[PDB]
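Protein chains in written order, with the deposited numbering: chain A, 2 to 248; chain B, 2 to 1232; chain C, 1110 to 1232; chain D, 310 to 371; chain E, 926 to 1048.
Ideal Cβ positions, reconstructed from N, Cα and C, are used throughout, including at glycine.
The structure appears right after this line, and notes come after that.
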Amino acid sequence: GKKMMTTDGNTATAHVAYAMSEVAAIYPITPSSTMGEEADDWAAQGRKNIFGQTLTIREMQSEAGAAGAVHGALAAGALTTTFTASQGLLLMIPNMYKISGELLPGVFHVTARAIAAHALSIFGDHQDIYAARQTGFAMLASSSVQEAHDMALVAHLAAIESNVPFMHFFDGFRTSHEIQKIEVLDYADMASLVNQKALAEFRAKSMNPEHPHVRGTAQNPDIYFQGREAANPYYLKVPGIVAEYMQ
Amino acid sequence: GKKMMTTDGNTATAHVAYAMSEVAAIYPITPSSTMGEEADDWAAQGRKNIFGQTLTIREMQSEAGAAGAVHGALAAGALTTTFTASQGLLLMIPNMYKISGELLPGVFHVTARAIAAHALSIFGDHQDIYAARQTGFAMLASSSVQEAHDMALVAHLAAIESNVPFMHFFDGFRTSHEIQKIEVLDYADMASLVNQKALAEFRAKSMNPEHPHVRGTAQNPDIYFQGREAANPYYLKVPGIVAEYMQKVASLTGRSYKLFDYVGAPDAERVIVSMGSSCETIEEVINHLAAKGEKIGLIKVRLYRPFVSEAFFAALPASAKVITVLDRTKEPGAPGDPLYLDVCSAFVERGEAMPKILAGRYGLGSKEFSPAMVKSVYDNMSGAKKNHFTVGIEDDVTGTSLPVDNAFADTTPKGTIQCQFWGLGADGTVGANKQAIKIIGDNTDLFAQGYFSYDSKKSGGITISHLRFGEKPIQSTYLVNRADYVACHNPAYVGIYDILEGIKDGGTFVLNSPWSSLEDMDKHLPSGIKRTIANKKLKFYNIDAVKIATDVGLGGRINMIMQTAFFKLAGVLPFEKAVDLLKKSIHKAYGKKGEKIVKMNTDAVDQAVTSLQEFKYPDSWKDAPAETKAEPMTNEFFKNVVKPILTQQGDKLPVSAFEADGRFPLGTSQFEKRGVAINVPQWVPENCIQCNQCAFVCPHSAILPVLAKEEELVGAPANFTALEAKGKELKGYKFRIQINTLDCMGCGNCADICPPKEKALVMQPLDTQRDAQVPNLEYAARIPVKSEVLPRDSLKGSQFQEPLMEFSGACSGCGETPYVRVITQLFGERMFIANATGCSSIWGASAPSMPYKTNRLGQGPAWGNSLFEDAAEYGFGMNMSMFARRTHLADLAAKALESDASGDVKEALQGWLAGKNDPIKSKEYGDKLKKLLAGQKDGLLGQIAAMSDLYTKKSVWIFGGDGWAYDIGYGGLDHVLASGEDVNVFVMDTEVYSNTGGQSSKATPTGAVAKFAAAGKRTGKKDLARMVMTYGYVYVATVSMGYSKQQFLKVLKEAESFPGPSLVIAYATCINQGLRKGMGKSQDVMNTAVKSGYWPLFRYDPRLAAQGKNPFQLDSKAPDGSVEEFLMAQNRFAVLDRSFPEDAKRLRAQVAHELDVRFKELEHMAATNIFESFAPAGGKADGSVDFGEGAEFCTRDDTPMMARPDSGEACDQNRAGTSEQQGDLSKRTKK
Amino acid sequence: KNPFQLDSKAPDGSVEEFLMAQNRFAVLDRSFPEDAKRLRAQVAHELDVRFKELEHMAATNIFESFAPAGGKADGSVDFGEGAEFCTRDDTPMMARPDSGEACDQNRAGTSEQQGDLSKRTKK
Amino acid sequence: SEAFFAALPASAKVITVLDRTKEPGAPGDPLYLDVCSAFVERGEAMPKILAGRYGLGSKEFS
Amino acid sequence: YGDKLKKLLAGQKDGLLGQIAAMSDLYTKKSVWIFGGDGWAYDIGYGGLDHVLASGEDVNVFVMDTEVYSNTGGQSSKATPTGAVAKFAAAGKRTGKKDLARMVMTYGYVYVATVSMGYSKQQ
Ligand SMILES: Cc1ncc(C[n+]2csc(CCOP(=O)(O)OP(=O)(O)O)c2C)c(N)n1
Ligand SMILES: Cc1ncc(C[n+]2csc(CCOP(=O)(O)OP(=O)(O)O)c2C)c(N)n1
Ligand code: SF4
Ligand code: SF4
Ligand code: SF4
Ligand SMILES: [Ca+2]
Ligand SMILES: [Cl-]
Ligand SMILES: [Cl-]
Ligand SMILES: [Mg+2]
Ligand SMILES: [Mg+2]
């Protein structure tokens, strides 16, 4: 079903992120802090995600740490998400290359915020998200509180089916803190859109000593290039998948 | 003024960086490490910069720390520089925005290297520098060793005058490690080009309390945008500044450059736009093809940022009809790569002629970019005009690759001599080639080029040297493919590698082998080589280098002999002068000790010159009989992927041969069987006491204990000698220590510690053991491992378990691998491993060799390397997933208990729920559930059935070196241990950054010599163990296999079973430490490490505290006074004694003092009655509360940072005073 | 002399009031009294033990010396200089301008094992 | 690019690409560069393309 | 002496004395301070703080411990004590306060101290 509620971009997004994730490794940074805190509150109130479980949330020592933990959780077969922006997003860049390089369905929700240069600013612009455009993450933008809810859902669904990580972003403050009356979807409806076979395949290919594999090898000039191009088929399908889920 | 010099890109740019800098904040990372190390040597040697000062160099904990320090130094008015690459550069990005944002004249010298995505790569490409293109740094590229020097100078000069920081970059390895004879400027000349007025302004605007200012303010929407645009004028001027300095430097060097430079036909119709080393090869091809009438050209990009379209067009022929932009990177999903997008913008903004523009990708991770490939690119422009293509690979999955015709003719200038050398690691080939380059370059007018390809294998690895000499400049930035001279310094290569590939007709082929007679040669030399030598009329030379070396007294060392062969047969110099020059250098070099050493080498040359006679072969070789295929049985994957790669054919594997996510299967090292040991152990059953200590200690799992029953030895080979198994539980079994001679590395640790005075293990030549032991190992390998007879965690019993990490590429005698192998024998089947980058990730997972394997049930360590800095967090994430998913399983189990599931299922579910986090019980009941629910796909029972790989409690381990644990990953390690979660951290402390070249780490001890501690480290070893013990709830212990294997096993079980965080620090010997008597003494050194008191053993167990007992337990005894001999037995300490006896004495005494005080401290800890013994845990419940709920005063401020959905209620903001003060005021103003 | 000096005194027993006078502790007592009670008692235990440790540190006679700096000496030496066996591997990571010289790579056993084999073979 | 053009009116003669960022020294900001490449690859009509920067640090965009 | 040099070399613009004259803002020994909250010192900047202290150089670190990430909205840090309620510790933090002071004291060559204005301004 649908529900008419008045909230900001942060909460609209957290609403979806909570439902679609099993694990969340986080670190606070304005103006994305609200999402992680809302998530922690809901987990305490016993809110269940689409799997009927409360979200597993842990705070790290920094965003670099949060990104490493997100990478680990995904590698070990858990749907994972995080919330960040600006300086924090920059610290996640190294792991973003790894997350996309290993084709993991992670979803980063980012409140687009300025980068500290001649001065620091907690306000909105796309400096941070553009700084991560080469990481290999799909990037989906929402331009309103209502769109934040909708795109957040598309991002999770598309990440799961495509195996390509997604960065859903909306303007810091201008959208993250703007309050609007919008309609959200019940968690049951979100669950009905999940590609269950893709999800099961994600778990089957994950790290597990019962059926191990090696990831993160070191490669010489003889094969690195071919290995880097092997993921092309997946990126080629991303657009169609996003389009289909929007529908 | 100037001066010639043969060096590599790293050294060429460090030469400039040192002169132009006052401060350098650094961190090591391949392939830029050399720059920092050269700078440190020069500072110590007394080298001064342009200010007459020694460079102030400091090493940080990571590149993030280095960038921060660079920022601070610049802000404080000091000219600063740093050297980095790849992962390192990424960590500097945040500070780069600040450095450029504050208009500071910093200069970063970067060896462009690939970024770790599907896999890690230390090789060259532009993925890293493109990642920082939006930071605001000006970006200047050099395409050759000579250019690296010139551009480095321009960058420094331009940064100072423009106030915009620069990133000078050149290709990792392809330029950074390529050797060339070049010309460098004196420091005085560099100093004369500095803009003194700008420099003075830099000092005056810098941070200083006598004329302070505020920097790094926080700004609101009202002024931020304006502040960001205020630097526009500075960026508009940097291009002109760079152009002016290129001209000023040119007035001194004679080498001119422009922001964009064009080469080729002035009326070119097809043009390539490229950047970096590829430009040299492209220009070489253009000179060759243009001479044949082809209208082709190339635009070389020097200044990438800022990108000046005007300068780009100034270099573009108006006749160009097709242009292809080559990008050495890959940005998935982008409409095009960086350089291509910039060029496209130039044409759209110009709004005039619109040539056809194509985008091409090349050279990722140093992939070859040869003349043939360049030909493909030009041909594409006159043919199919494929866009967004790749070149250098066969993309049979998406078809984006251009076909490459390797029949393309050699394009090197006339007179160029090209040589290839196939050597075995440690045989001196590389060193000799480098000396040859120096000698020839210093005594002739010839340009010289050197490039070396190494092996991922650390010991007994193969090296291939590529050298070129010519009368014309050498622009061949690609491997030699058609050599005039080919030398094979290892006879073993003759049958496994295609050594004569591409050799020119009439070329010279020198071979090092004892096959002098024509019968022996025909016997060992393969038909393929015979035919090639015959058909190409090759001047074939064979020399028994080993025999000559031994005869002259050089103990069989062949380096001097093969050096003579090159100088006499290469054809680069007239024989007479060659031998003369060689001998002169033999006096230059060596000569150190008695004239004897000099004479031996002199005689070696003379004897060599005489023996170097053309081996005459029969014309019958024209068609020698091709042999068959004696290839043993192996995996489909090994024969189709790893073998081809191991035989240096990896480049021929198409994209379809790899997994999209980069994963590799476990156990591929099982079939390598390299056989590179010189000597291996021979078991002597008459003296064996069946203790299994030899198998326990092996760094490569080359010893297989065999416990078999009579019926199992029926078909056993005649020499499969077995003893009556000693022990009461082994009554009836036969025992045998089977040596795996082909996987053995010949270190000698096993034989060194074998208990009996009359050794049961004796080292013997590999050739005297292989014929008998190879079939024996195969037979033994088929005998079921008896893992149930003895306790899995007992010394002897652990070796009756399947080792799940074997035959890795670790050095012979490595001190890290024995520990890991044993850990897998205790928890292997259920462990996750988050491995930090370092030696353990290198011997652990260098493609295509995977040493980790599965047991007989297909279970094995799930291994992964994220980054160097995040190992703990990565592992913490794996633990989080398991917590979440197993909690989900438990939820379903509980639900199933309140359903109509059968009695048997409920019993098992109940049992599993009760033993959920118990390794034994979770498996016991999980296994019952796997049977009971087999085939179930419906409802609740179906979901539970699908989660079978979650039934048994898993063991999450985080493996890492001291560099990771004490330095770069310490912040994350600390947080993860502080979390209280169930993870196990195993630190292999080598007391230095081993894999990168032995740099000092905070784990390095006082007085130890290592890079950046070349006078002996002057700060003590960081006490990681004691710091972590301050938490009280983290299990902490130290181990040393050599001292006590029992204590080690005890620690492993205690640490792993602890229901919280565990940290185990192990003493790992390493070649960098320079063990005087050999790595085969590792166990003995580990033993002394503890006995001397240097490395005390102890355990800190929180569960003892929970039961009123002292958690700290000391496992070793007070120092026995042997520390002095312990230290002097290692070169890392001994070298200091030989070089600086005064300081060495004092430093070794300081060490003796440190361990004395530390042991006493540990003793007090073990006797204290002070420790926490409160509730283990419990609680949590359901619900939470906000910290501000019901507060009497405002709990949040009026800032946008604290604003939340529910904030905004009225509250007392503390502007009216205290509650009492307000009450009193109310009472006083009653009214 | 002992570097550690304690400037305050043993817990005076006012911690309970100290904690309850702050909402960050008091709010938990109102919402989860059971847990709050345990956690406040745990804090008191933690500080009791920590103060005792600090007292020990102040009474100890076990400690190292101290020297700000001094030495360095104009010069340096590579850790591999004069080593009996190779100190660097065959990897491109350890490759340096001056690397490449022959050395014993530990594939023939220890110094004594090698010397013994020579003796046992001679010929 | 195909989806971008599917949303572009054939009648468009002038196009302004607004980027909410600043990459010092770049020939243009990210979105502008992507759009330029789209037109270059199409090889057809080339309307005038303009680049504009706005909204840094929540600057009003009214 | 720096102040004497400022007077004696006033106007000096040429040669060696001119160079020394232009460096007067370097005459007096400066005091380098690093200011940060507990989140910085105990969490995100800890690895850096640890390394800088281990260096043995003359720097001064002053940590204002509010036992929470204050500016961002009161999130828990490793400096947050047992039982304190903060964001991500909404049921009372269940791990004790990290002992940064004792960890740094293990080096032996770093000066470490704790202060509390309300207890003693003199200390
Ligand atoms: C961010 C980053 N900086 C630097 C490096 C280079 N690097 C990789 S491993 C390593 C040293 C590892 O030392 P250690 O942790 O002691 O392990 P060892 O090789 O001694 O076993 C260095 C400097 C990197 N990969 N990533
Ligand atoms: C890389 C990065 N991550 C997160 C932030 C957001 N942030 C800025 S300050 C801060 C907390 C400050 O806490 P503390 O150090 O205790 O100081 P206090 O405000 O309490 O005095 C956080 C989470 C940031 N600016 N940069
Ligand atoms: S010599 Fe070394 S590698 Fe060989 S079996 Fe013995 S311990 Fe293992
Ligand atoms: S170490 Fe020696 S005595 Fe012990 S099992 Fe091995 S060969 Fe036998
Ligand atoms: S730790 Fe040392 S001995 Fe082991 S592989 Fe690394 S460099 Fe070699
Ligand atoms: Ca544990
Ligand atoms: Cl913030
Ligand atoms: Cl490296
Ligand atoms: Mg190490
Ligand atoms: Mg604080």
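| Asked | Found |
| --- | --- |
| Taking C-alpha atoms, which residue in B:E311, B:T1200, B:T997, B:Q1000 lies nearest to B:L237? | B:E311 |
| On a CA-only basis, which of B:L868, B:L942, B:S867 is nearest B:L898? Give me that one, please. | B:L942 |
| Measuring only the C-alpha atoms, how far is B:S1041 from B:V1091? | 7 Å |
| In terms of residue numbering, what span does the beta strand (DSSP E) encompassing B:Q419 cover? | 418-425 |
| When Cβ atoms are compared, which residues of the stretch 1147-1175 of chain C fall closer than 7 Å to chain E? | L1148, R1149, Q1151, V1152, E1155, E1173, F1175 |
| To test your reading of the DSSP string, which unbroken beta strand (DSSP E) runs of 3 or more residues are found completely within the stretch 487-541 of chain B? | 509-513 |
| Evaluate A:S193 with the Cβ neighbour count: other Cβ atoms within 10 Å of its Cβ, from every protein chain shown; 16 or more gives buried, anything less gives exposed. | exposed |
| For B:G865, which of helix, strand or coil comes out of DSSP? | strand |
| Excluding the 5 residues flanking E:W958 on each side, which residues of the same chain have their C-beta closer than 8 Å to its C-beta? | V984, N985, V986, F987 |
| Should A:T31 be flagged as near chain E, meaning a C-beta pair shorter than 8 Å? | yes |
| Relative to the C-alpha of C:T1200, which residue among B:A1067, B:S1045, B:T464, B:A65 is closest? | B:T464 |
| What do you reckon, are the CB atoms on A:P222 and B:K368 nearer than 8 Å? | yes |
| Note down the Cα distance separating D:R362 from E:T997, rounded to an integer number of angstroms. | 29 Å |
| Ordered along the chain, which non-local residues of its own chain (more than five positions away) have a Cβ less than 6 Å from that of B:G1021? | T1007, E1155 |
| Should B:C755 be counted as a contact of ligand 4 given a C-beta to heavy atom distance under 7 Å? | yes |
| Please tell me whether E:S1001 and E:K1023 are closer than 8 Å, where the distance is taken between their beta carbons. | no |
| Is E:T997 near ligand 7 - that is, is its Cβ less than 7 Å away from at least one heavy atom of it? | yes |
| If you draw a straight line from the alpha carbon of A:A133 to that of B:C489, how long is it in whole angstroms? | 48 Å |
| From B:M764, B:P619, B:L647, B:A605, pick the residue whose C-alpha is nearest to that of B:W684; which is it? | B:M764 |
| For B:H467, which residues does DSSP report across the bridge? | B:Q421, B:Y452 |
| Measure from the C-beta of A:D9 to each C-beta in chain E and report whether the shortest distance is under 8 Å. | no |
| Tell me the rounded alpha-carbon separation between B:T478 and B:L327. | 16 Å |
| With DSSP as the reference, please indicate the residues paired to B:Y1068 in a beta bridge. | B:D990 |
| With respect to the beta strand (DSSP E) encompassing B:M832, which residues constitute its N-terminal and C-terminal limits? | 832-836 |
| So which residues of chain B does A:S177 contact, with C-beta pairs closer than 9 Å? | By Cβ distance, chain B contributes nothing, its closest Cβ being about 11 Å from A:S177, past 9 Å. |
| D:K357 to E:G999, Cα distance in whole Å? | 51 Å |
| How should B:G508 be labelled, buried or exposed, when 16 other C-beta atoms within 10 angstroms of its C-beta is the threshold for buried? | buried |
| DSSP on B:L893, reduced to helix/strand/coil? | helix |
| Taking a contact to mean a Cβ-Cβ separation below 8 Å, would you say B:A118 touches B:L92 in this structure? | no |
| Could you tell me which chain C residues have their CB closer than 9 Å to the CB of B:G1079, listed as they occur along the chain? | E1193, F1194, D1213, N1215, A1217, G1218, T1219, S1220, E1221, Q1222, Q1223 |
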